[PDB]
Each structure stands twice: as C-alpha cells, then as structure tokens.
Amino acid sequence: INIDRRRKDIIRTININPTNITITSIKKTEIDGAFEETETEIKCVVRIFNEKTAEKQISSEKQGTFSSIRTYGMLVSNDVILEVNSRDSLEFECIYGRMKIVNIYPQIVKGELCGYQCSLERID
Amino acid sequence: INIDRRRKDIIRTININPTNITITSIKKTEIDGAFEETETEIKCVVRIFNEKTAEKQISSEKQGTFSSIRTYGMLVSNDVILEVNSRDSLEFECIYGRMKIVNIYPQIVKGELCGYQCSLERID
Amino acid sequence: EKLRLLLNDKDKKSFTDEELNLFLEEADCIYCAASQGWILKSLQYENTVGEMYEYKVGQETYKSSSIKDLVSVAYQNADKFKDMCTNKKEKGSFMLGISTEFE
Amino acid sequence: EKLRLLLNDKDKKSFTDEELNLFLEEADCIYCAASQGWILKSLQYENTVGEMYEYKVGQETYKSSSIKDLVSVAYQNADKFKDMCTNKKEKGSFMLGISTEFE
Amino acid sequence: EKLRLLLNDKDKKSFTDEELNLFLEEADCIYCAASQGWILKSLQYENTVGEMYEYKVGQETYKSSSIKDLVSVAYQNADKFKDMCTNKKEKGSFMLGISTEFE
Amino acid sequence: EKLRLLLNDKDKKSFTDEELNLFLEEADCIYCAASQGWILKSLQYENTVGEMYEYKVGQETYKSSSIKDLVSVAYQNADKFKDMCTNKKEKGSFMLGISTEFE
Amino acid sequence: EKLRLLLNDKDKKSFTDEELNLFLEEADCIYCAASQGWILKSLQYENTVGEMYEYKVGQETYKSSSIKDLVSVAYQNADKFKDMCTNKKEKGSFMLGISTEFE
Amino acid sequence: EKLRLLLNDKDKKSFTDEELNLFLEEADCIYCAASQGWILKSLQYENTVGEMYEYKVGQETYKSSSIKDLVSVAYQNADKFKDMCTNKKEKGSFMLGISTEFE
Amino acid sequence: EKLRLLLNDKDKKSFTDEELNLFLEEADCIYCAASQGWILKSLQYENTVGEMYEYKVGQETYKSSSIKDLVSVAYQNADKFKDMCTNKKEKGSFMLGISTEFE
Amino acid sequence: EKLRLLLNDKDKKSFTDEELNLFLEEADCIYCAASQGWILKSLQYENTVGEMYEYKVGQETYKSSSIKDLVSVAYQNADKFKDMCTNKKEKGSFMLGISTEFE
C-alpha cells in the first residue's frame, strides 16, 4: 500500500463526520520519587465511532461513584503526535460524558506514521 | 507446500511494511540454585501487525504501575533463531512503548524452519 | 430563462454559470447542452466514488453504488436528452414531385 | 384540473406549480407532459436518495434501493406514459383512392 | 480559453499545460484532443489508484473501485468524446450530378 | 522529444530509456512503439500479482486485482494505441481512372 | 544484442543463454522465438507456482493466482507475439498480369 | 539433443528416459512426442489431486486447483504442441498444371 | 512390451493382466485398447472414491474431486486415446480413375 | 466368459446372478446388457442418496454428490455402452449395382 492512499483515506473518513475537540494531556514526570504533572491542551478534528458492543460498568464505593463504557473508538489524522501511557493520559470534554483515550493504535505504513486508530471510555 | 514458496511469502510480507528492530535477549542460566543473566542483542527486519482486538490491562500496586496490551502480533524471517521460555525473554524499543515477545510460533515446513510467527505485549 | 431551464434540466449547484452559458452557445437546442453537461457531470465520479464506494469503520458500515452504476445513470441521462433533441428535430417521411425540362 | 391530474400522475410535492404549467404548455397531451415530468423527476434521485444506498450504524442496518433501480423505474414510467400518449394519438392503417386529371 | 475548457473536460489538474497545448495542436477540434487526453489519463490510474483496490486494517476497511472499472470508465469517456467530435464533423448523405463533354 | 512523448504514453520509471530508443528506432510511428512497450509492461505482472494478489496478516487483509484484470487493462492500452496508429495511417476509399493504349 | 532483446521480450532468468540461442536459431524473426519461449515458459509454472494456489497458516493467508490463470496469460503473450510477427511479415493483396505465349 | 529437447518440452524428469525414448520412436517429430507425453503426464493427476484438492487441518487451510483445471492445462499444452507440429508440417495452397495425351 | 505400454497409457495396479491382454486382443491398435481400458477404469471410481466427496471430522476437513469430475476426466482421456487411434489409422482424401470395358 | 465379462463391465457385487443372466438372454451383445444393467443400477440411487446426500452430526460434517450427479454418471455409462455397441454394429456406406431384366 502506498502511504498517500492511507493518508487520503484517513483524511476523507475523518471529514465524512468530523468533530472538533480539545484533548488535554496531563503528563506525569518523576521528581524525587513522586510525580510532577504538566497539563497541556491540543485541538484536533476527529471522527468518533462505535467499535464494540459492551455494557456500562459502574464502580461505586466510598471514594465516589462513576460509570464508564468502553465502546467508542476514535480515528485521528497525523497532524498531532499522541502518546498515552501508564503515566500519561489524554481526555476531552465531549458532551454526553467525558471521553478518555485508553489506547492508541498508530497507523504506520513503511515506518512513516499517517494517523492513529484509537479507543475511548465515555466516563459518565 | 514447498519450502521456497513459504520463504518467498514470508520475505515478501516482511518487505511490504518492514521495521528495523533491535531485539535484546536476556537469558537466565541456573547457577548454584539461582539465576545468572547474560544479556545479548540481535537485529532483525520485522513486520508488526494487529492479531487480536484485546483490551489494555493496567496493574497498579506498591511495586509500580504498568499497563500492557496483547494486540500486536509480529512476523520475522528465518535469518535468526529465536527462543522464549520462562527463563528467557526478547524485547525491543518501539517508540510507542516497549514490545515484548510473549510467544514464538515457528513456521516449519517438512521439518525445515522458514520463519517465526510471533505475538507481543506492548508494555506502556 | 434558458439558463434557468438548463440548470433545472440537470443538477443545479455543481457548476458555475459561465460554463453553462458556454454550453448554451455551443449548441442551439438546450437539450444538447443538457446532454453535454450531463456527460461533464459524469466525469466527476472518478474522485467521489472511484476512490472509495464502500467503507467500514468500527461497527459502522457504509455502501454506495459503484462508479459503473453512477456513470451508467449519468450516460443514460445524457443519451436520453440526446434522443429528446433528435426527436424534437425529427420529421417524418415525405413524397415529393420531380420537374425536369423538355421541349 | 389539468395540473391536479399531472400532479397525481407525476407524484406530488417534487416540483412547484409553474414548471408543471410549463410542462403542460410544452405538449398539449397531458401524458406526454407527464412523461417529460417523470424523466426530469428521475434526476431528483441524485439528491433525495444519494449514491449511498445501504449503511449500518450501531444496531440499525438500512438497505434502500440503489439510485440505478429508482432511475430505471422512473424511465419505465416515462416510457409507459409516452406509449400511452402515442396510443391516444394512434390511428390504424388506411387505403385511399388515388386519382388524377386527364383528357 | 480552450485550455480551460479542456481542463474542465478532464477534471483539471492531472496534466500540465504543455501537454494540453500539445493535445490541442494534435487535432483542431477540442473534443478529439479531449478524447486523446482521456485515453492518456486512463494510464495514470495505475499510480493514482494502484492494483490494491480493497484493504482492511484495524477497524477500517476501504473498498475502492478496481483499476479495470476506472479505465473502463475512462475509455467510455474517450469514446463518447470521439463520437461527439464525429457528430460535429460528419454530414449527411448526398446525391450529385455528372457531366462529360461529347461531340 | 519523442522519447519524452513515449515515456508519457507509458509510465515513466519502469524501463531504461535505451531500450525505449530501441523501440523507437524499431518502428516509425511512436504509437506502435508505445503499444509494444505496453505489452512488454504487461509481461511484468507474473512476478508482482501472479505470486500473490490478495493476502491477510492478522487483522490486516489486503486485496488487489487479479493478474487477469491487470493483463486485460495492459492489453487494452496496447490495442487502443495500435488502433490509434492504424487510424492515423489509414485513408478512405477512392475512385480512380483506368486508361490503356489503343490505336 | 538479440539475446538481450529476447530476454526482455520474454521475462528473464527462467531459461539459460544457450537455450535462447537455440530459440533464435529455430526462427529468424525474434518474435516467433519469443512466442515459443513464452509457451515453454508457461510450462515452468507447474514448479514455480504449484497447484496450491491458496493457503492459510497460523495468521497468514496468501492467495496466489492459480496455474490456469498464469498459463492463460502466458498463452496470451505467445499469441500476441505471433500476431506481431505475422503483422511484421505479411503483405497486402494486389493484382498481377498474365502473359501466355502465342503465335 | 532430441532426448534433451523432449525432457525440456515435457517438464523435466517425471518419467524414465527410456519410455521417453519410446515416445521418440513412436513419432519422428519431437513435438508429437511431447504432446503424447503431456497427455500421459495428465493421466497422473488423478492420484495427486482427484482424491484431495483442498483440505484443512486445525487452523491451517490448504487449497489447490481442481483436477479439472489441471487436466485442462495439461491437455491445452498437448494440443498446443499438436498444433505446432501440424503447422510445421503444413504447406500452403498452390496451382499446378495438367498434361493429357492426344494425337 | 505392449502390456507395459498399456499400464503406462493408463495408471497401474488397478487391472490384472488378463483384462489387459483381453483388451489388446480386442483391438490391434493399442490406443483403442487403452481407450477401452480407460472407460472401464472410469467405473472403478464408484469404489475408489465413493459418492462422499467432502467430509469434516473433529478439526480435519478433506475435500475431494466429485465422482462426476473424475469420470468426466476418464471419458476425456478415453476420447483422446480414441482420437489418437483414428489419427493413426486415418488417411486423407484422394482421386481415382474409373475404366469400363467397351467395344 | 460372458457372465464374468459383464460383472467386470458393470461394477461388481450389486445384482444377483439370476438378474445378470436375465440380461444376457435379453440381448445378444453383452454391451447392450451392460447398458441396461447400468440403467437398472442407476435406479437404486433413490434410496441411497435421495433421502440424504449431505448431513452434519455434531461437529462432524459429511457431504456427497447429489442424486442428479450420480444418476447423470450412471446414465452416461449406460449411454456410452449403448453407443459403443452400436458402433461395433455400425458399418460404412456402400455402392451397389442394379440388374433389371429385359429381352
């Protein structure tokens, strides 16, 4: 596969049903055996789609109640580099509940990156 | 099936979308009832692909926090012998988390090894 | 208005008025202009549907008619307008006299 | 009312009334006008039912008739109305008594 | 401008203006040159849309029209342009006189 | 430059220009050379698409047009160029005079 | 060099050079030699791509073109080269005179 | 060499060279021997492919061309060699004289 | 040896030698005898490969050529051997001359 | 021996010796008897395959040729035997004289 086709396909399919977002990245950095957080924001036009049929898990104890579902995927172009990690997180305030990028599958062709396929939780 | 057919297929498949890799092998050897580790490094051109639609596991505890996922497979030619045991490991530095060769399926034809099919954890 | 009738006779929003007036002055009857414009419209489908006519994303699936069907309908429209023009110009058979000269 | 008859022949709420009057003025027989209206109505399917004929989203799969089938049915209707119009105009075979003056 | 019309006959930027001028110089009528340009454009689909018509990766699948369909459409366009040019050129049947001297 | 015109009539990077010059000197008309070169290009596909025309790896599935379709389009290009050359070379019918000696 | 031209007209490294020289000895025209070479190359497909056209192992599926498609393409190439040679040698129709001696 | 020419025409070394020499003794022409040998070769595909042509064990799935396709290509090869021998032996049409006796 | 030649003209160890030499006695031309043997061998497929052409047990699927395909191939072989026999015996057309006594 | 020759000519161990002998006294030539016996054998398949030709129990799956294919091969065998018998009886054309009577 020529890379330009992959780029054109991702840009098109994003433009079929785009949504503007403001992904806010909170990167933990180790400092003296503890974390120091640096909050940053980035904006990307991105398509959101269903990728699984799953049930909404509900967690409720003395810390607080929150319910999350792990169905929505995400597809974002190459315009911005994303990294989600045990120490780094990416979220954005979509209406109908906060979204959180659990995992990022990078669409690479011949060692050149041309978009990310991505998975979300809709933390209600 | 002929051995040469399989060899051509695997080499072509690797060459569609190859990635240079530096697998670092850490082999544990029993010495006086304990392990002595001998770290060795190898290089192989490799194609990486999605084999499973798995979900990211996170394991947080007082020892530390790390999150892995079993999505990515891997395909490598016959140029180098690989072996993964309880006492042996093979990992390498992909920019998006370190990969770790969980399992090695050796593609054998008539008792002649022709390449390894492989499965990975991308340890974030 | 003849330009208005042409923009009705094919799709409306996809062309600027200059090239439609160019079609109108190319051929007398407006149906020929509509046929030629429909072929020109049919040209567009190499991008829209040729590049992708059905794609799946996650659980979402989308399918559209292939480029062959779309250009088939476009050419069918153009050919129908061509036939309409020819029939408008068509006239039946005739039977006429001859008149030589002699002395 | 002729316009009502056409708007019942050619299915309603697609075109506004003035172009229907134009259709009727273009041809005295209402069926020829209805055939003309049907062939121009077949172009509307490019917008009313786009090239995307089938899609699935979540737990909803909808499969509609492709544009080729709809335009083919529109052409069938136009040809049927044209044939019915010609049937209205049609007259049978004839044989007549030819003659000429002579001394 | 003839070159602008030719670009509008070929969906614009796949060739450069020198090739378009060469095509126009090849044949006086614009439509024959456009047909030749379409035939040459059909070659370029081997790069624009390679033999890989369909592919699935991750949660995405895209099914492009195969190269055979695209070149078939391109040749159909070229044939239509050639037919239109011959329609512009060709004249109907004729009957003429004959005369030779005698004495 | 006729070498450049031929490299346009084919794709640009798959051959050494010296054997293209060999083709050019092997046939007067450049279109015959381009047709023969297109057959030569068709010869290549036995390695590319004959070996494997659609394959799957993990979740990734890639499909491409069969060798039959690619060879068909290549032969279609070659035959279209041959027809273009023959039409450039052909001439219409004629009506000539006969004349012989006699005394 | 005739051998290089054959090894390009007929794809390379299936045969050995002395065999190619024998082929050129069998026929003066290089295209008949290339046609015969292609026909005897089509027999090689029994070994290069065996009857096993598709196989899935582990998580890899490979679908090669079957032997029938490859040998059919080889025969198409051979027939095209034969046609090229016949077009090279063949001359058109023509009249001639007759002269019988007589007292 | 005649035996080597047969071992090349027929795919190399599936049969003993002595019965190949027997084929050579049957018909003087190498091509008739190759055709008959190819039919004899086609006879063996029953064991190879008749009782199994696509099978699946565990995850692994293997497929191969049916017996009909393999027999078809083998018969096509034999028939092609038969045609080659016949065209080698053929001769064109021609005119001859007659000379009776009279006094 | 004629019997060995027959056991090569039709695969081995399925018939006992009494049947073979009976076939040879039935027809001097060994290819006619081979055709007879092949049609009689076509009956054997009812036992060697029964009507069950495909079956799966556990995780082990086997698909064999149906009995219809095998008998079709056997009949094709028998027809080819019959054709070879006819080509062996048949002579071409030719003229003769009649003479009848007369006073 | 005729009974043994028939039991070879039709697949063994399906009819009692009385029925086979009945076929022998039915027709002079044994080949007609074999053809009729093959039709009689073809009658049996309704029980064996009409009630079931592919079934699946648990994981295990079993498929077999339909009754149409099996009766087709049986009728092909019977018809081929009939044609072979008629060909054995067949004789070529002739020219014969006439001898009337006259004083």
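Residues numbered from 1 in each chain as written, not as in the entry; some residues may be left out. Chains lettered and ligands numbered in written order. Part of a larger assembly, values for the part shown. Heavy atoms only, no water.

Header annotation of the entry names cryo-EM as the structure determination method and lists the resolution as 3.27 Å.

On to the overall build of chain C, then. Within chain C, the secondary structure is distributed over five helices and two strands. Ordered by position in the sequence, the α and β elements of chain C form the string α-α-α-α-β-β-α. Taking the principal axes of the C-alpha coordinates as reference, chain C spans close to 95 × 25 × 15 Å. Evaluated residue by residue, chain C yields a buried proportion of 50% over its 103 residues. Counted over contacts in chain C with a minimum sequence separation of 6, partners at least 24 positions apart contribute 53%. When the accessible surface of chain C is totalled, it reaches about 5,700 Å², and 50% of it is carbon and sulfur. Measuring between centres, the 14 positive side-chain charges of chain C sit 7 Å from its 19 negative side-chain charges. (Helix = DSSP H or I, 4+ residues; strand = E, 2+ residues; numbered from the N terminus. Buried < 20%, exposed > 50% of the residue type's maximum accessible area, 1.4 Å probe, protein only. Contact = heavy atoms within 4.5 Å. Areas by Shrake-Rupley, 256 points an atom, 1.4 Å probe, with all protein chains shown as cover. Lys, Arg positive; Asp, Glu negative; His and termini not counted. Charge placed at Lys NZ, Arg CZ, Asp CG, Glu CD.)

Quick look at the overall build of chain A now. Helices and strands together make up the secondary structure of chain A, namely one helix and eight strands. Listing the helices and strands of chain A from first to last along the sequence gives α-β-β-β-β-β-β-β-β. Projected onto its principal axes, the C-alpha coordinates of chain A cover approximately 55 × 40 × 20 Å. Counting over 124 residues, chain A shows a buried share of 44%. A sequence separation of at least 24 residues applies to 57% of the contacts in chain A between residues at least 6 apart. Accessible surface computed for chain A: about 6,600 Å², of which carbon and sulfur atoms make up 52%. Charged side chains in chain A number 18 positive and 19 negative. The centres of these two groups are separated by 8 Å.

What follows covers the packing of helix 1 (residues 2-9) of chain H against helix 2 (residues 17-26) of chain H. Residue and element names in this part refer to chain H. The interhelical angle for the contact between helix 1 and helix 2, taken along N-to-C directions, is 105°, at an axis separation of 10 Å. Classed by the angle they form, the pair helix 1 and helix 2 counts as roughly perpendicular. Across the interface between the two elements, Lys 2, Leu 3, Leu 6 and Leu 7 from helix 1 touch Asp 17, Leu 20 and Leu 24 from helix 2. Its residues placed into classes, the contact of helix 1 with helix 2 shows five nonpolar, no polar and two charged. (Axes fitted to C-alpha atoms, helices over the stretch in contact; angles between N-to-C directions. Parallel < 35°, antiparallel > 145°, perpendicular 65-115°, else oblique. Nonpolar A, V, L, I, M, F, W, Y, C, P; charged D, E, K, R; others polar.)

The interface is formed by 26 residues belonging to chain F together with 27 residues belonging to chain G. Looking only at chain F, the three residues that lose the most surface to chain G are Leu 43, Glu 46 and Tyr 75 of chain F, adding up to 23% of its buried area. Our count for the chain F to chain G interface comes out at three salt bridges. In this structure, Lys 80 of chain G and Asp 79 of chain F form a salt bridge, with 3.6 Å as the shortest nitrogen-oxygen distance. Our count for the chain F to chain G interface comes out at 10 residue pairs in polar contact. If you list the elements that add at least two residues to the side of chain F that touches chain G, you get helix 2 (17-26), helix 3 (30-42), helix 4 (45-51), strand 1 (54-57) and helix 5 (67-89) of chain F. Class assignment for the residues of the side of chain F that touches chain G results in 12 nonpolar, six polar and eight charged. Pairing between strand 1 of chain F and strand 2 (residues 60-63) of chain G: four bridges, direction antiparallel. Note that in strand 2 of chain G the partner of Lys 56 of chain F across the bridge is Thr 61 of chain G. (Buried area = accessible area lost by both parts, 1.4 Å probe. Salt bridge = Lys/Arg side-chain N within 4 Å of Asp/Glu carboxyl O. Polar contact = N/O pair within 3.5 Å; in protein donor to acceptor, adjacent residues only side chain to side chain. Pairing = 2+ DSSP bridges.)

Note: most residues except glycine have negative phi, and most peptide bonds are trans. We note that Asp 32 of chain B has phi near 60°; this positive angle belongs to a residue other than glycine. Of note, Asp 32 of chain B is situated in the loop between strand 1 (19-31) and strand 2 (34-50). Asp 32 of chain B gets classed as exposed once you look at its relative accessible area, which sits at 78%. With a phi angle near 70°, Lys 13 of chain G is a residue other than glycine that sits in the positive phi range. Within the secondary structure, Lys 13 of chain G sits in the loop between helix 1 (2-9) and helix 2 (17-26).

It is worth spelling out the sheet that holds strand 2 (residues 34-50) of chain A at this point. Residue and element names in this part refer to chain A. On the basis of which strands lie adjacent, the closed barrel formed by six strands has the order 1-2-5-8-7-6 and antiparallel pairing. Along the sheet, successive strands turn relative to each other by an average axial angle of 40°, direction set aside. Strand direction decides the pairing type here: strand 6 (residues 88-92) and strand 7 (residues 98-109), joined by two bridges, are antiparallel. Bridge pairing in strand 7 places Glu 91 opposite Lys 100. Against the sheet, helix 1 (residues 3-16) touches strand 2, strand 5 (72-76), strand 7 and strand 8 (112-123), its axis set at about 30° to strand 8.

Bringing the pairing of strand 2 (residues 60-63) of chain F into the picture now. For strand 1 (residues 54-57) of chain E and strand 2 of chain F, the ladder comprises three bridges, and the chain directions are antiparallel. Residue pairing in the sheet places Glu 54 of chain E in a bridge with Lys 63 of chain F of strand 2 of chain F. As consecutive antiparallel partners, strand 1 of chain F and strand 2 of chain F are separated by two residues, and within that stretch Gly 58 of chain F has a phi angle of approximately 60°, a positive value.

This part covers the packing of aromatic side chains. Inspection of the entire model under this criterion finds 27 aromatic pairs over all chains. Ring centres of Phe 15 of chain D and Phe 23 of chain D lie 6.0 Å apart, and the angle between their planes is 10°; this geometry places the pair in the stacked category. The cationic tip of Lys 41 of chain I hangs over the ring face of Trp 38 of chain I; the distance from NZ or CZ to the ring centre is 5.9 Å. Across from the ring centre of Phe 15 of chain J, 5.7 Å away, lies the NZ or CZ of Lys 41 of chain J, which sits over that ring. (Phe/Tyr/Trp six-rings, centres within 6.5 Å; stacked < 30°, edge-to-face > 60°. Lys NZ or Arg CZ within 6 Å of the ring centre and 35° of its normal.)

Moving on, we come to empty space enclosed by the protein. Within this structure, the stated rule accounts for nine cavities of 30 Å³ or more. There is about 170 Å³ of room inside the largest cavity. The wall of the largest cavity is formed by 15 residues, among which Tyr 105 of chain A, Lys 52, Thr 53 and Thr 71 of chain B together with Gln 59 of chain E lie closest to the centre. (1 Å grid on protein atoms, 1.4 Å probe; cavity = no way out; pocket = protein on both sides within 12 Å on 5 of 7 lines; lining within 4 Å. Points joined across faces, edges and corners; volume = space filled by probe spheres on them.)

To continue, consider the environment of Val 71 of chain J. Residues and elements named next belong to chain J. Within the fold, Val 71 resides in helix 5 (residues 67-89). Separated by 29 residues in the primary sequence, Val 71 and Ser 42 place their C-alpha atoms 5.7 Å from one another. Apart from residues no more than four positions distant in its own chain, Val 71 is found in contact with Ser 42 and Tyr 45.

With that out of the way, let us pick up the packing of helix 3 (residues 30-42) of chain G against helix 5 (residues 67-89) of chain G. Residue and element names in this part refer to chain G. Two elements in contact, helix 3 and helix 5, have axes separated by 8 Å at closest approach and are oriented at 170°. Taken together, the axis directions place helix 3 and helix 5 in an arrangement best described as roughly antiparallel. Of the residues in helix 5, those in contact with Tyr 31, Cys 32, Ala 34, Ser 35, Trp 38, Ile 39 and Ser 42 of helix 3 are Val 71, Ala 74, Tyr 75, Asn 77, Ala 78, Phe 81, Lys 82, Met 84, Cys 85 and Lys 88. Grouping the amino acids of the contact of helix 3 with helix 5 by side-chain chemistry returns 12 nonpolar, three polar and two charged.

Let us now look at a negative patch on the surface. Among the surface-exposed residues, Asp 17, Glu 18, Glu 19 and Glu 25 of chain J lie close enough to one another that they form a single negatively charged patch. Along the polypeptide, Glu 19 of chain J turns up in helix 2 (residues 17-26). (Patch = residues over 30% accessible without salt bridge, like charges linked within 9 Å, V, L, I, M, F, W, Y side chains within 5 Å.)

Side chains three or four residues apart in an α-helix point the same way, a direct result of the helix having 3.6 residues per turn. Turning to helix 1 (residues 2-9) of chain C, its buried residues are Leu 6, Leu 7 and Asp 9 of chain C. Seen from one end, helix 1 of chain C has its buried residues packed into an arc of 160°, which puts them on one side. Summarising the contacts, the buried residues of helix 1 of chain C are in contact with helix 2 (17-26), helix 3 (30-42) and helix 5 (67-89) of chain C together with helix 3 (30-41) of chain D. (Arc of directions from axis to C-beta.)

It is worth spelling out the sheet that holds strand 8 (residues 112-123) of chain B at this point. All names here are of chain B. Overall, antiparallel pairing links the six strands, which are arranged 1-2-5-8-7-6 in a closed barrel. Taken pair by pair, the neighbouring strands of this sheet meet at an average axis angle of 40°, ignoring direction. In the packing of helix 1 (residues 3-16) onto the sheet, contacts are made with strand 2, strand 5 (72-76), strand 7 (98-109) and strand 8, and the angle to strand 8 comes to roughly 30°.

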